[PDB]
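Chains as they are written, first to last, in PDB author numbering: chain Q, 41 to 152, 197 to 269; chain S, 8 to 155, 198 to 272; chain R, 111 to 330; chain T, 114 to 335. Cβ atoms here follow ideal geometry from the backbone N, Cα and C, with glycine treated the same way.
Listed below in structure tokens is the structure:
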């Protein structure tokens with residue numbers, strides 16, 4: 041449909057973040073590495089910025105400030121969102137489970197001049213952006229609502245999706261997340 | 008047993024898939040310590056069980072310290088070897104007719120290193136052990152525990210355990226030799242490094258016993 | 111002691127003792143036997159045996175030390191001067207307390223300890239099968255402060271609205287018509303299985319229904 | 114003067130040095146001093162005290178003593194240790210004496226410079242390694258027949274009642290078994306290798322470490 045056309049077009053324009061400028065791409069899965077955090081931090085940060093300036097039309101002058109850490113081990117495990125974010129007195133802080141990202145990309149996929201393309205690539209990019217959305221939601225809620233209720237939403241992400249949606253589906257519309265539905269039984 | 012369905016707003020078309028609990032409870036069981044403790048506890052229990060048929064001669068250290076007889080020493084050794092072998096594989100045995108064996112009496116007769124030594128010629132498999140060194144090894148403990198109806202003593206259970214690791218270490222070399230002859234065996238026991246670097250073929254449903262995964266030291270002097 | 115040739119040994123003893131005044135140091139070098147020899151010298155003579163028997167407190171803090179007569183005290187400084195050469199400088203309990211602090215700067219238990227093994231506990235989780243992350247947050251979050259943060263790539267303020275349609279064109283002419291559905295299916299599968307495996311590790315249990323509501327998006 | 118307490122402390126030092134106690138944090142200088150004081154005030158032990166005094170390289174002159182004297186001294190030693198249950202080579206004690214000479218000559222400061230070295234003391238050795246060792250071994254081994262063997266119902270003894278075993282299980286249940294490995298086994302093994310110092314085989318941790326890379330493989334194969 042024209043809707044599917046628009047969706048694929050959106051993904052395509054995100055493929056500008058794909059093969060983004062200056063970004064060395066030894067892999068699309070460089071989490072395989074451990075030596076250099078910089079590249080993983082960069083991709084995360086750039087994805088955040090892209091999403092933010094999608095969701096709002098005007099603040100191109102995005103903040104240049106952050107600190108990050110790489111979670112690696114069970115005693116540092118954070119079940120639920122694999123990636124975590126806060127602002128701390130004007131200090132953006134974030135944390136990443138490289139092992140979980142690795143295993144997610146690792147899991148095998150079902151199926152039913198020159199150039200080429202492969203569906204698995206889009207699969208990876210989709211999964212990335214999808215997982216990022218959840219963190220962006222918790223970021224957004226915290227960004228104005230206090231720590232108290234923010235952590236409440238962390239204990240139960242359902243709440244905010246149930247209640248404070250006053251930015252109605254009109255505002256939600258660019259969040260292609262809503263296109264997908266699922267049930268577990 | 009859990010069914011799931013996934014859908015896209017634009018269409019009723021839906022994908023259906025099911026997943027099974029069992030592996031998950033398996034995984035958590037394997038991640039739970041007490042479950043893991045069962046393994047080593049069972050190991051020690053079964054070993055003592057086999058010994059229960061033995062003319063056990065409980066004061067193990069002093070029995071080994073007797074010197075007045077070697078029959079019991081040899082039988083203990085052999086039985087331990089069999090124990091390890093049947094551990095590693097469920098269905099194994101060794102030819103039982105006779106393996107006349109040796110007692111090692113002094114450092115001049117003893118290897119500094121693996122106290123249990125193996126040699127063969129003309130089909131005469133043979134092994135040797137330094138009772139002096141083994142006794143000295145057993146003689147010393149000082150467990151203060153300041154760290155972070199059979200009357201089986203907790204302390205002596207320590208010695209009851211300790212030998213097994215050495216014996217297993219020997220078993221490794223025995224296996225390597227038995228599979229690859231004299232030259233590879235001696236070359237490997239020049240430097241234990243090579244062991245796993247070769248024998249990935251060890252892969253099996255049951256593991257070695259050294260699960261507390263560090264045995265390390267200050268890295269100074271690592272010149 | 112016949113073996114101990116006390117004259118030289120006392121001489122060395124004093125050569126140290128002076129350093130318990132910062133006026134002196136043992137040529138930046140010292141041997142345990144030097145200290146031992148000093149203590150021996152103290153224990154060879156009653157005038158110095160008194161001081162020696164005082165000094166045990168200097169590591170056994172809680173040891174009793176009573177008051178003394180004015181003369182009984184000055185006796186000790188007399189013995190100190192008799193040991194010392196050119197004692198015409200200041201001799202006082204100030205110097206005595208400087209000596210006590212100098213013992214507390216000499217005995218700092220510089221370890222010997224020979225050598226020992228080191229063991230590790232690789233993993234651990236508790237038996238309460240439906241423990242919850244919530245309390246686990248209490249431990250986890252401490253790592254924010256325990257662990258070093260890592261500096262952002264200070265590229266400068268920007269957002270990549272810099273993606274004009276040249277590569278885009280042939281990308282959107284590849285634009286392969288893959289069955290987007292099943293890719294979404296795989297994505298959701300892996301995403302849920304993530305958390306399922308996380309819980310199956312952590313030995314925790316969670317509301318499937320609440321996870322559903324957490325997921326749910328579409329309304330109106 | 115609490116001679117009693119002094120001894121009670123002192124003991125542990127020699128106890129460790131002689132034989133590798135699985136206790137730890139033995140070190141302090143005050144303990145050493147009290148040890149020396151006790152030895153000084155123990156006439157019967159003055160021989161030992163004056164021997165242990167000898168701690169200087171250019172003058173290394175441990176006197177000749179008649180076997181009689183040496184035996185009496187070892188008796189004294191064992192008694193005071195309350196461990197006649199075994200006797201150790203005087204050579205070990207003299208090696209520890211040389212170790213103490215190291216300590217003495219080392220002005221080790223606030224920094225916990227643990228020596229960590231295995232004892233190097235020994236006399237008139239030749240440098241040796243696995244080469245020399247192997248070359249030596251063959252004749253010394255082959256010169257002797259093995260003693261004996263006889264069968265005793267040898268073939269494959271097997272397990273018994275699980276509940277019978279659970280008795281012993283419950284007996285065993287509480288103990289710090291997870292630590293027991295360090296609490297004796299590993300320490301004793303690693304310390305055993307003073308045999309290398311015997312006849313000056315240059316022991317190298319550089320393969321003893323092999324255990325470490327070895328142990329990964331179970332986790333590799335899950």
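Are the CB atoms of residue i and residue j nearer to each other than 8 Å?
i: residue 175(T); j: residue 167(T); result: yes
i: residue 119(S); j: residue 306(T); result: yes
i: residue 108(S); j: residue 134(S); result: yes
i: residue 147(R); j: residue 119(R); result: yes
i: residue 222(S); j: residue 320(T); result: no
Tell me the DSSP secondary structure of residue i in three-state form.
i: residue 218(T); result: helix
i: residue 154(T); result: coil
i: residue 123(S); result: coil
i: residue 10(S); result: strand
i: residue 216(S); result: helix
i: residue 268(Q); result: strand
i: residue 137(S); result: strand
i: residue 225(Q); result: helix
i: residue 34(S); result: helix
i: residue 208(R); result: helix
i: residue 232(R); result: coil
i: residue 19(S); result: strand
i: residue 85(Q); result: helix
i: residue 300(R); result: helix
i: residue 132(Q); result: strand
i: residue 53(S); result: helix
i: residue 24(S); result: strand
Taking just the CA atoms, how far does residue j sit from residue i?
i: residue 134(T); j: residue 150(S); result: 8 Å
i: residue 83(S); j: residue 239(Q); result: 59 Å
i: residue 70(Q); j: residue 80(Q); result: 8 Å
i: residue 41(Q); j: residue 199(Q); result: 27 Å
i: residue 155(T); j: residue 117(T); result: 12 Å
i: residue 299(R); j: residue 219(Q); result: 19 Å
i: residue 115(T); j: residue 139(T); result: 20 Å
i: residue 141(R); j: residue 297(T); result: 33 Å
i: residue 153(R); j: residue 159(R); result: 5 Å
i: residue 155(S); j: residue 292(T); result: 8 Å
i: residue 15(S); j: residue 243(Q); result: 23 Å
i: residue 25(S); j: residue 288(T); result: 44 Å
i: residue 244(T); j: residue 316(T); result: 13 Å
i: residue 145(T); j: residue 124(T); result: 10 Å
i: residue 256(R); j: residue 132(S); result: 59 Å
i: residue 137(S); j: residue 215(S); result: 13 Å
i: residue 260(S); j: residue 295(R); result: 39 Å
i: residue 217(S); j: residue 237(Q); result: 54 Å
i: residue 204(T); j: residue 310(T); result: 11 Å
i: residue 224(R); j: residue 211(T); result: 13 Å
i: residue 93(S); j: residue 136(T); result: 36 Å
i: residue 245(Q); j: residue 328(R); result: 10 Å
i: residue 193(R); j: residue 157(T); result: 32 Å
i: residue 201(T); j: residue 188(T); result: 11 Å
If distances are taken between C-alpha atoms only, which option among the options comes closest to residue i?
i: residue 228(R); options: 235(S), 262(S) and 246(S); result: 262(S)
i: residue 152(Q); options: 113(R), 290(R), 323(R) and 115(R); result: 290(R)
i: residue 101(S); options: 75(S), 210(S), 224(S) and 253(S); result: 224(S)
i: residue 76(S); options: 317(T), 331(T), 260(T) and 330(T); result: 260(T)
i: residue 337(T); options: 221(R), 231(R) and 321(R); result: Shown here, chain T extends from 114 to 335; a query on residue 337(T) therefore has no answer.
i: residue 203(Q); options: 222(Q), 73(Q) and 51(Q); result: 51(Q)
i: residue 132(R); options: 253(R), 314(R) and 213(R); result: 213(R)
i: residue 236(R); options: 313(R), 130(R), 128(R) and 318(R); result: 313(R)
i: residue 266(R); options: 85(Q), 103(Q), 113(Q) and 144(Q); result: 103(Q)
i: residue 252(T); options: 148(S), 29(S) and 126(S); result: 126(S)
i: residue 105(S); options: 286(T), 179(T), 126(T) and 262(T); result: 262(T)
i: residue 141(S); options: 301(T), 271(T), 272(T) and 241(T); result: 301(T)
i: residue 178(R); options: 161(R), 172(R), 217(R) and 170(R); result: 161(R)
**Request:** Flag this pair as touching only if the region 42 to 59 of chain S and the region 281 to 291 of chain T have three or more C-beta atom pairs under 8 Å; answer yes or no.
**Result:** yes
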